[PDB]
Amino acid sequence: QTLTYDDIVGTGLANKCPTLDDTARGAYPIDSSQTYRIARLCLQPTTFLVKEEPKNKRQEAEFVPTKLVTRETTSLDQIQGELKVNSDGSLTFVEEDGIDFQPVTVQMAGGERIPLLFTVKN
Amino acid sequence: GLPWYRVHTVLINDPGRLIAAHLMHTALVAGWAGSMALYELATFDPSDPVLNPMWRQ
Ligand code: CLA
Ligand code: CLA
Ligand code: CLA
Ligand code: CLA
Ligand code: CLA
Ligand SMILES: CCCCCCCCCCCCCCCC(=O)OC[C@H](COP(=O)(O)OC[C@@H](O)CO)OC(=O)CCCCCCCCCCCCCCC
């Protein structure tokens, strides 16, 4: 259903990307003699993992989970770019613009804060 | 006057103040335990239980 700002404001939904019914498992055909675009690309992180520094002896560092501290401020959205059709048939998205970065701070066990610029610029 | 080495003998026939001294002793011991843990927490490196375990610290 078409919702309104007043419906969403303050709920945490403004930081959620749209979703598709469980039954949308179709296919979008690509007319190779046609030019395409992304009207809206939305990314919504759900987990942030950070490589622990494998001490001198090392052996193999894992990606450890982290805690988000900066709230529902993490999503990229309104991202646009053309969808080229390549000659080998592949498709290629080339970001032009969008809200394509969010500074995010997560916290590692022990309390180390890791700031990062969550982004897909260019 | 009681000599210094005998001051606490005033509890011998005074069960309530004996209990109160025991309570105070217990307080100081449980407080030590809390304070010692907090000092250890403030100084412990958890990042390497292989080569920097607690007993090395
Ligand atoms: C478990 C500890 C404890 C307990 C429950 C008691 C209990 C009692 N004492 Mg004893 N007493 C203690 C330890 C204790 N004392 C110690 C360690 C000493 C040697 C200083 C004495 C010396 C003593 C005397 C000389 C007298 C008593 C007396 C008494 C009675 C009345 C309270 C009083 O006058 O306190 C007085 C005692 C104190 C105020 C002790 C305080 C010690 C401080 C807190 C030490 C702190 C040092 C420093 C700040 C540490 C911090 C870290 C530092 C690096 C900065 C009561 C039965 C009196 C009594 O009735 O006797 C007939 C009395 O005249 N006590
Ligand atoms: C549960 C243990 C316990 C308890 C409840 C008592 C209780 C008592 N003792 Mg005994 N005693 C004990 C263990 C204990 N003792 C041990 C292990 C020893 C061998 C060291 C003695 C040796 C001893 C002697 C030789 C005498 C007593 C006497 C007394 C009485 C007076 C003590 C006084 O006023 O202190 C006064 C003490 C001070 C004002 C200051 C003490 C400062 C000391 C030197 C260093 C401080 C240590 C520090 C505060 C913390 C303790 C560390 C650790 C042990 C927890 C009292 C009934 C006296 C008595 O019989 O009177 C009739 C007496 O003459 N005690
Ligand atoms: C109802 C029967 C009963 C029970 C359950 C106890 C239990 C206890 N007595 Mg004993 N006592 C009894 C009857 C009883 N007593 C009788 C009839 C006498 C003759 C008057 C004594 C005389 C006596 C003396 C002289 C002393 C004790 C002490 C102690 C305590 C030592 C352990 C301690 O402090 O742990 C550490 C404590 C904790 C982890 C927390 C305790 C919290 C508990 C659950 C109490 C909570 C509130 C409660 C209403 C207080 C009443 C306590 C109860 C003893 C009546 C322990 C709780 C010693 C004491 O007081 O040590 C400080 C002590 O000096 N008792
Ligand atoms: C099983 C463990 C245990 C036992 C049996 C005791 C027993 C005792 N403690 Mg407690 N205590 C304990 C654990 C224990 N404690 C722990 C874990 C803590 C926390 C760290 C405390 C903290 C504590 C404080 C803060 C005090 C006591 C006190 C006392 C005494 C009260 C009765 C009295 O007047 O003695 C009379 C005193 C004696 C008989 C002296 C015994 C001497 C012992 C062995 C110490 C030996 C000399 C000492 C090592 C010199 C210190 C030098 C250093 C400062 C450089 C008694 C001997 C009180 C005390 O000593 O009152 C004066 C007191 O002030 N203790
Ligand atoms: C209320 C309940 C309670 C609980 C769940 C704990 C739990 C704990 N305490 Mg604390 N503690 C308490 C009360 C409590 N405490 C009180 C009241 C005091 C003040 C006296 C303290 C003082 C204290 C100190 C000083 C320390 C702890 C520590 C600890 C930890 C280790 C416990 C341990 O190894 O005990 C071990 C206990 C024993 C091995 C006791 C043995 C009993 C002997 C053998 C008695 C034998 C005689 C018996 C009467 C005869 C029985 C007859 C038989 C036939 C049945 C644990 C988190 C330790 C820690 O890590 O602190 C941060 C520590 O160092 N506690
Ligand atoms: C928080 C921690 C708190 C810790 C508190 C500090 C501990 C309390 C003070 C302890 C010090 C005790 C002072 C007692 C000293 C003093 O009071 O002694 C004289 C004192 C006299 O006892 P009387 O029975 O005459 O009582 C007279 C009363 O007025 C004493 O209260 O005897 C006792 O104390 C018995 C044990 C004496 C101790 C003998 C040691 C003497 C050593 C002399 C030789 C020195 C070395 C030189 C040779 C190289």
# chains A, B, ... in the order shown; residues from 1 in each chain; ligands from 1
$ residues_around --residues "residue A:18" --least-positions-apart "5" --cutoff "10 Å" --atoms "only C-alpha atoms" --output "list in words"
residues 13, 41, 42, 43 and 44 of chain A
$ residues_around --residues "stretch 21-30 of chain B" --least-positions-apart "6" --cutoff "10 Å" --atoms "only C-alpha atoms" --output "ChimeraX atom specification"
/B:8,11,15,36
$ write_last_selection --atoms "N, CA and C atoms" --output "compact mmCIF listing (two decimals), in the first residue's frame"
# COMPACT_ATOMS: atom_id res chain seq x y z
N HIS B 8 39.69 -5.29 71.64
CA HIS B 8 38.52 -5.96 71.08
C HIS B 8 37.91 -6.95 72.04
N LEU B 11 34.08 -7.12 73.36
CA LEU B 11 32.99 -7.83 72.73
C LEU B 11 32.66 -9.14 73.41
N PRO B 15 27.02 -9.97 72.81
CA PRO B 15 26.76 -10.67 71.54
C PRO B 15 26.33 -9.76 70.42
N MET B 36 38.85 -5.72 44.29
CA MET B 36 39.92 -6.46 43.63
C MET B 36 39.50 -6.85 42.24
$ closest_residue --among "B:2, B:18, B:42, B:33" --to "chain A" --atoms "only C-alpha atoms"
B:42
$ interface_residues --of "chain B" --to "chain A" --cutoff "12 Å" --atoms "only C-alpha atoms" --output "PDB file with C-alpha atoms, in the first residue's frame"
ATOM      1  CA  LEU B  41      38.976  -6.018  35.114  1.00  0.00           C
ATOM      2  CA  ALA B  42      40.463  -2.540  34.621  1.00  0.00           C
ATOM      3  CA  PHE B  44      43.216  -7.391  32.244  1.00  0.00           C
ATOM      4  CA  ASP B  45      43.967  -7.923  28.550  1.00  0.00           C
ATOM      5  CA  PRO B  46      41.399 -10.465  27.273  1.00  0.00           C
ATOM      6  CA  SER B  47      42.795 -10.540  23.765  1.00  0.00           C
ATOM      7  CA  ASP B  48      45.138 -13.625  23.956  1.00  0.00           C
ATOM      8  CA  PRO B  49      44.318 -16.566  26.229  1.00  0.00           C
ATOM      9  CA  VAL B  50      47.074 -18.552  24.528  1.00  0.00           C
ATOM     10  CA  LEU B  51      50.163 -16.495  25.338  1.00  0.00           C
ATOM     11  CA  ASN B  52      48.813 -13.761  27.668  1.00  0.00           C
TER      12      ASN B  52
END
$ atom_distance --atom1 "atom 51 (C, counted along the ligand's line) of ligand 5" --atom2 "atom CA of residue B:35"
28.0 Å
$ residues_near_ligand --ligand "ligand 2" --cutoff "8 Å" --atoms "only C-alpha atoms and all ligand atoms" --output "list in words"
residues 4, 5, 6, 7, 8, 9, 11 and 12 of chain B
$ write_last_selection --atoms "N, CA, C and O atoms" --output "mmCIF file, in the first residue's frame"
data_model
loop_
_atom_site.group_PDB
_atom_site.id
_atom_site.type_symbol
_atom_site.label_atom_id
_atom_site.label_comp_id
_atom_site.auth_asym_id
_atom_site.auth_seq_id
_atom_site.Cartn_x
_atom_site.Cartn_y
_atom_site.Cartn_z
ATOM 1 N N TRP B 4 46.593 -1.755 74.225
ATOM 2 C CA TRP B 4 46.150 -1.704 72.844
ATOM 3 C C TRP B 4 45.824 -3.094 72.299
ATOM 4 O O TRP B 4 44.869 -3.253 71.513
ATOM 5 N N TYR B 5 46.576 -4.108 72.734
ATOM 6 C CA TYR B 5 46.476 -5.446 72.177
ATOM 7 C C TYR B 5 45.249 -6.180 72.706
ATOM 8 O O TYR B 5 45.084 -7.369 72.406
ATOM 9 N N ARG B 6 44.413 -5.511 73.522
ATOM 10 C CA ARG B 6 43.227 -6.132 74.117
ATOM 11 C C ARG B 6 41.928 -5.362 73.874
ATOM 12 O O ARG B 6 40.914 -5.675 74.509
ATOM 13 N N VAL B 7 41.924 -4.359 73.005
ATOM 14 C CA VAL B 7 40.755 -3.492 72.904
ATOM 15 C C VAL B 7 39.520 -4.267 72.470
ATOM 16 O O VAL B 7 38.400 -3.918 72.856
ATOM 17 N N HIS B 8 39.687 -5.295 71.645
ATOM 18 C CA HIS B 8 38.524 -5.960 71.079
ATOM 19 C C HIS B 8 37.914 -6.951 72.041
ATOM 20 O O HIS B 8 36.908 -7.584 71.681
ATOM 21 N N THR B 9 38.528 -7.121 73.231
ATOM 22 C CA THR B 9 37.989 -8.022 74.235
ATOM 23 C C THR B 9 36.713 -7.474 74.845
ATOM 24 O O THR B 9 36.053 -8.195 75.586
ATOM 25 N N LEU B 11 34.077 -7.119 73.358
ATOM 26 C CA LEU B 11 32.985 -7.829 72.727
ATOM 27 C C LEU B 11 32.665 -9.144 73.407
ATOM 28 O O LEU B 11 31.609 -9.692 73.141
ATOM 29 N N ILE B 12 33.543 -9.663 74.271
ATOM 30 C CA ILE B 12 33.429 -11.046 74.732
ATOM 31 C C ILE B 12 32.069 -11.339 75.378
ATOM 32 O O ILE B 12 31.561 -12.457 75.282
#
$ closest_residue --among "B:32, B:1, B:40, B:10" --to "ligand 4" --atoms "only C-alpha atoms and all ligand atoms"
B:32
$ residues_around --residues "residue A:73" --least-positions-apart "2" --cutoff "10 Å" --atoms "only C-alpha atoms" --output "JSON, numbers by chain"
{"A": [12, 14, 15, 16, 44, 69, 70, 71, 75, 76, 102, 103, 104]}
$ write_last_selection --atoms "N, CA and C atoms" --output "compact mmCIF listing (two decimals), in the first residue's frame"
# COMPACT_ATOMS: atom_id res chain seq x y z
N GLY A 12 11.29 3.64 12.41
CA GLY A 12 12.43 2.85 11.98
C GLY A 12 12.30 2.33 10.57
N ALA A 14 11.79 4.10 7.84
CA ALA A 14 12.44 4.92 6.82
C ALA A 14 13.83 4.41 6.51
N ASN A 15 14.38 3.55 7.36
CA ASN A 15 15.70 2.98 7.16
C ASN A 15 15.64 1.59 6.57
N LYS A 16 14.47 1.17 6.14
CA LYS A 16 14.25 -0.14 5.55
C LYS A 16 14.06 0.02 4.05
N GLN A 44 20.40 -2.01 2.64
CA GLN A 44 20.06 -1.91 4.05
C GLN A 44 20.92 -2.95 4.72
N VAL A 69 25.79 1.24 17.05
CA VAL A 69 25.56 2.18 18.13
C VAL A 69 24.98 3.46 17.58
N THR A 70 24.88 3.56 16.27
CA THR A 70 24.52 4.81 15.64
C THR A 70 23.09 4.80 15.11
N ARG A 71 22.36 3.72 15.37
CA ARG A 71 20.91 3.67 15.20
C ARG A 71 20.47 3.51 13.75
N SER A 75 21.32 3.03 6.05
CA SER A 75 20.96 2.49 4.75
C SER A 75 21.32 3.44 3.61
N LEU A 76 21.75 2.85 2.51
CA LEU A 76 21.88 3.58 1.26
C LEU A 76 20.60 3.43 0.43
N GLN A 102 26.84 6.18 4.32
CA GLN A 102 26.42 6.43 5.69
C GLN A 102 27.62 6.15 6.58
N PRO A 103 28.04 7.14 7.38
CA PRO A 103 28.96 6.83 8.48
C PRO A 103 28.27 5.95 9.52
N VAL A 104 28.96 4.93 9.95
CA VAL A 104 28.42 3.92 10.83
C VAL A 104 29.49 3.67 11.86
$ atom_distance --atom1 "atom 13 (C, counted along the ligand's line) of ligand 3" --atom2 "atom CA of residue B:20"
14.8 Å
$ residues_around --residues "residue A:91" --least-positions-apart "5" --cutoff "12 Å" --atoms "only C-alpha atoms" --output "MDAnalysis selection string"
chainID A and resid 29:32 34:38 82:86
$ write_last_selection --atoms "N, CA and C atoms" --output "PDB file, in the first residue's frame"
ATOM      1  N   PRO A  29      13.218  -9.533 -18.766  1.00  0.00           N
ATOM      2  CA  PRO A  29      14.004  -9.683 -20.001  1.00  0.00           C
ATOM      3  C   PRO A  29      14.708  -8.395 -20.418  1.00  0.00           C
ATOM      4  N   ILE A  30      15.903  -8.552 -20.998  1.00  0.00           N
ATOM      5  CA  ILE A  30      16.770  -7.428 -21.358  1.00  0.00           C
ATOM      6  C   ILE A  30      16.821  -7.318 -22.883  1.00  0.00           C
ATOM      7  N   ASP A  31      16.136  -6.312 -23.437  1.00  0.00           N
ATOM      8  CA  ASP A  31      16.177  -5.988 -24.870  1.00  0.00           C
ATOM      9  C   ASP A  31      17.524  -5.355 -25.191  1.00  0.00           C
ATOM     10  N   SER A  32      18.456  -6.156 -25.721  1.00  0.00           N
ATOM     11  CA  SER A  32      19.837  -5.707 -25.919  1.00  0.00           C
ATOM     12  C   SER A  32      19.932  -4.411 -26.717  1.00  0.00           C
ATOM     13  N   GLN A  34      18.270  -1.890 -26.246  1.00  0.00           N
ATOM     14  CA  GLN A  34      17.531  -0.967 -25.396  1.00  0.00           C
ATOM     15  C   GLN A  34      18.446  -0.505 -24.278  1.00  0.00           C
ATOM     16  N   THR A  35      18.225   0.723 -23.832  1.00  0.00           N
ATOM     17  CA  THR A  35      19.016   1.326 -22.769  1.00  0.00           C
ATOM     18  C   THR A  35      18.242   1.288 -21.455  1.00  0.00           C
ATOM     19  N   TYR A  36      18.949   1.008 -20.372  1.00  0.00           N
ATOM     20  CA  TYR A  36      18.292   0.719 -19.110  1.00  0.00           C
ATOM     21  C   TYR A  36      18.854   1.584 -17.995  1.00  0.00           C
ATOM     22  N   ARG A  37      18.112   1.635 -16.894  1.00  0.00           N
ATOM     23  CA  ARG A  37      18.537   2.438 -15.765  1.00  0.00           C
ATOM     24  C   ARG A  37      17.981   1.851 -14.480  1.00  0.00           C
ATOM     25  N   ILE A  38      18.660   2.170 -13.391  1.00  0.00           N
ATOM     26  CA  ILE A  38      18.205   1.904 -12.037  1.00  0.00           C
ATOM     27  C   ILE A  38      17.569   3.189 -11.533  1.00  0.00           C
ATOM     28  N   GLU A  82      22.835   4.152 -14.802  1.00  0.00           N
ATOM     29  CA  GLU A  82      22.331   3.451 -15.959  1.00  0.00           C
ATOM     30  C   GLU A  82      22.774   2.000 -15.900  1.00  0.00           C
ATOM     31  N   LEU A  83      21.929   1.145 -16.440  1.00  0.00           N
ATOM     32  CA  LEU A  83      22.220  -0.269 -16.591  1.00  0.00           C
ATOM     33  C   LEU A  83      22.594  -0.500 -18.059  1.00  0.00           C
ATOM     34  N   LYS A  84      23.891  -0.514 -18.342  1.00  0.00           N
ATOM     35  CA  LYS A  84      24.355  -0.770 -19.695  1.00  0.00           C
ATOM     36  C   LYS A  84      24.142  -2.237 -20.045  1.00  0.00           C
ATOM     37  N   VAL A  85      24.036  -2.515 -21.336  1.00  0.00           N
ATOM     38  CA  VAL A  85      24.055  -3.884 -21.836  1.00  0.00           C
ATOM     39  C   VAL A  85      25.397  -4.084 -22.530  1.00  0.00           C
ATOM     40  N   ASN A  86      26.211  -4.990 -22.015  1.00  0.00           N
ATOM     41  CA  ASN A  86      27.514  -5.157 -22.634  1.00  0.00           C
ATOM     42  C   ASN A  86      27.432  -6.042 -23.880  1.00  0.00           C
TER      43      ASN A  86
END
$ decode --residues "stretch 64-94 of chain A" --atoms "N, CA and C atoms" --output "PDB file, in the first residue's frame"
ATOM      1  N   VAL A  64      34.650 -11.042  13.337  1.00  0.00           N
ATOM      2  CA  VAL A  64      33.862 -11.127  14.559  1.00  0.00           C
ATOM      3  C   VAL A  64      32.662 -10.192  14.456  1.00  0.00           C
ATOM      4  N   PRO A  65      31.520 -10.579  15.007  1.00  0.00           N
ATOM      5  CA  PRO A  65      30.359  -9.688  15.004  1.00  0.00           C
ATOM      6  C   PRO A  65      30.576  -8.471  15.887  1.00  0.00           C
ATOM      7  N   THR A  66      29.762  -7.455  15.627  1.00  0.00           N
ATOM      8  CA  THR A  66      29.887  -6.153  16.257  1.00  0.00           C
ATOM      9  C   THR A  66      28.494  -5.637  16.575  1.00  0.00           C
ATOM     10  N   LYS A  67      28.451  -4.617  17.415  1.00  0.00           N
ATOM     11  CA  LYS A  67      27.211  -3.994  17.855  1.00  0.00           C
ATOM     12  C   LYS A  67      27.120  -2.599  17.268  1.00  0.00           C
ATOM     13  N   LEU A  68      25.975  -2.303  16.658  1.00  0.00           N
ATOM     14  CA  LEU A  68      25.729  -1.007  16.064  1.00  0.00           C
ATOM     15  C   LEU A  68      25.307  -0.004  17.135  1.00  0.00           C
ATOM     16  N   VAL A  69      25.791   1.235  17.046  1.00  0.00           N
ATOM     17  CA  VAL A  69      25.558   2.180  18.127  1.00  0.00           C
ATOM     18  C   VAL A  69      24.983   3.460  17.576  1.00  0.00           C
ATOM     19  N   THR A  70      24.883   3.556  16.266  1.00  0.00           N
ATOM     20  CA  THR A  70      24.517   4.809  15.641  1.00  0.00           C
ATOM     21  C   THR A  70      23.095   4.796  15.107  1.00  0.00           C
ATOM     22  N   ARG A  71      22.357   3.717  15.366  1.00  0.00           N
ATOM     23  CA  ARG A  71      20.906   3.670  15.199  1.00  0.00           C
ATOM     24  C   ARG A  71      20.471   3.506  13.751  1.00  0.00           C
ATOM     25  N   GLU A  72      19.170   3.660  13.460  1.00  0.00           N
ATOM     26  CA  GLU A  72      18.644   3.336  12.139  1.00  0.00           C
ATOM     27  C   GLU A  72      19.013   4.465  11.180  1.00  0.00           C
ATOM     28  N   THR A  73      20.329   4.540  10.891  1.00  0.00           N
ATOM     29  CA  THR A  73      20.930   5.601  10.085  1.00  0.00           C
ATOM     30  C   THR A  73      21.888   5.029   9.033  1.00  0.00           C
ATOM     31  N   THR A  74      21.717   3.767   8.678  1.00  0.00           N
ATOM     32  CA  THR A  74      22.763   3.009   8.025  1.00  0.00           C
ATOM     33  C   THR A  74      22.503   2.732   6.555  1.00  0.00           C
ATOM     34  N   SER A  75      21.323   3.029   6.050  1.00  0.00           N
ATOM     35  CA  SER A  75      20.957   2.491   4.749  1.00  0.00           C
ATOM     36  C   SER A  75      21.316   3.437   3.607  1.00  0.00           C
ATOM     37  N   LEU A  76      21.750   2.850   2.505  1.00  0.00           N
ATOM     38  CA  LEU A  76      21.881   3.578   1.259  1.00  0.00           C
ATOM     39  C   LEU A  76      20.599   3.432   0.429  1.00  0.00           C
ATOM     40  N   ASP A  77      20.186   4.513  -0.233  1.00  0.00           N
ATOM     41  CA  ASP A  77      18.910   4.543  -0.931  1.00  0.00           C
ATOM     42  C   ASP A  77      18.980   5.662  -1.963  1.00  0.00           C
ATOM     43  N   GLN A  78      17.938   5.733  -2.798  1.00  0.00           N
ATOM     44  CA  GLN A  78      17.787   6.747  -3.843  1.00  0.00           C
ATOM     45  C   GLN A  78      18.980   6.792  -4.769  1.00  0.00           C
ATOM     46  N   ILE A  79      19.671   5.665  -4.864  1.00  0.00           N
ATOM     47  CA  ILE A  79      20.828   5.499  -5.734  1.00  0.00           C
ATOM     48  C   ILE A  79      20.350   5.167  -7.143  1.00  0.00           C
ATOM     49  N   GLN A  80      20.926   5.858  -8.128  1.00  0.00           N
ATOM     50  CA  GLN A  80      20.584   5.712  -9.531  1.00  0.00           C
ATOM     51  C   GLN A  80      21.847   5.579 -10.371  1.00  0.00           C
ATOM     52  N   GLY A  81      21.651   5.063 -11.567  1.00  0.00           N
ATOM     53  CA  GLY A  81      22.725   4.819 -12.497  1.00  0.00           C
ATOM     54  C   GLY A  81      22.137   4.084 -13.679  1.00  0.00           C
ATOM     55  N   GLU A  82      22.835   4.152 -14.802  1.00  0.00           N
ATOM     56  CA  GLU A  82      22.331   3.451 -15.959  1.00  0.00           C
ATOM     57  C   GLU A  82      22.774   2.000 -15.900  1.00  0.00           C
ATOM     58  N   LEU A  83      21.929   1.145 -16.440  1.00  0.00           N
ATOM     59  CA  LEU A  83      22.220  -0.269 -16.591  1.00  0.00           C
ATOM     60  C   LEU A  83      22.594  -0.500 -18.059  1.00  0.00           C
ATOM     61  N   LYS A  84      23.891  -0.514 -18.342  1.00  0.00           N
ATOM     62  CA  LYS A  84      24.355  -0.770 -19.695  1.00  0.00           C
ATOM     63  C   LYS A  84      24.142  -2.237 -20.045  1.00  0.00           C
ATOM     64  N   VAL A  85      24.036  -2.515 -21.336  1.00  0.00           N
ATOM     65  CA  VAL A  85      24.055  -3.884 -21.836  1.00  0.00           C
ATOM     66  C   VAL A  85      25.397  -4.084 -22.530  1.00  0.00           C
ATOM     67  N   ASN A  86      26.211  -4.990 -22.015  1.00  0.00           N
ATOM     68  CA  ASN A  86      27.514  -5.157 -22.634  1.00  0.00           C
ATOM     69  C   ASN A  86      27.432  -6.042 -23.880  1.00  0.00           C
ATOM     70  N   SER A  87      28.511  -5.995 -24.656  1.00  0.00           N
ATOM     71  CA  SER A  87      28.546  -6.729 -25.909  1.00  0.00           C
ATOM     72  C   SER A  87      28.649  -8.226 -25.659  1.00  0.00           C
ATOM     73  N   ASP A  88      29.337  -8.635 -24.593  1.00  0.00           N
ATOM     74  CA  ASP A  88      29.332 -10.050 -24.239  1.00  0.00           C
ATOM     75  C   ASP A  88      28.016 -10.456 -23.596  1.00  0.00           C
ATOM     76  N   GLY A  89      27.074  -9.521 -23.517  1.00  0.00           N
ATOM     77  CA  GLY A  89      25.760  -9.763 -23.002  1.00  0.00           C
ATOM     78  C   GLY A  89      25.599  -9.412 -21.549  1.00  0.00           C
ATOM     79  N   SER A  90      26.697  -9.212 -20.828  1.00  0.00           N
ATOM     80  CA  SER A  90      26.580  -8.916 -19.416  1.00  0.00           C
ATOM     81  C   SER A  90      25.869  -7.582 -19.239  1.00  0.00           C
ATOM     82  N   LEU A  91      25.422  -7.345 -18.017  1.00  0.00           N
ATOM     83  CA  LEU A  91      24.874  -6.062 -17.619  1.00  0.00           C
ATOM     84  C   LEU A  91      25.851  -5.398 -16.665  1.00  0.00           C
ATOM     85  N   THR A  92      25.829  -4.068 -16.667  1.00  0.00           N
ATOM     86  CA  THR A  92      26.725  -3.279 -15.844  1.00  0.00           C
ATOM     87  C   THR A  92      25.978  -2.056 -15.349  1.00  0.00           C
ATOM     88  N   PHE A  93      25.944  -1.925 -14.037  1.00  0.00           N
ATOM     89  CA  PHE A  93      25.405  -0.760 -13.376  1.00  0.00           C
ATOM     90  C   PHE A  93      26.537   0.219 -13.087  1.00  0.00           C
ATOM     91  N   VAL A  94      26.300   1.494 -13.386  1.00  0.00           N
ATOM     92  CA  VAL A  94      27.270   2.562 -13.170  1.00  0.00           C
ATOM     93  C   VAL A  94      26.564   3.634 -12.343  1.00  0.00           C
TER      94      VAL A  94
END
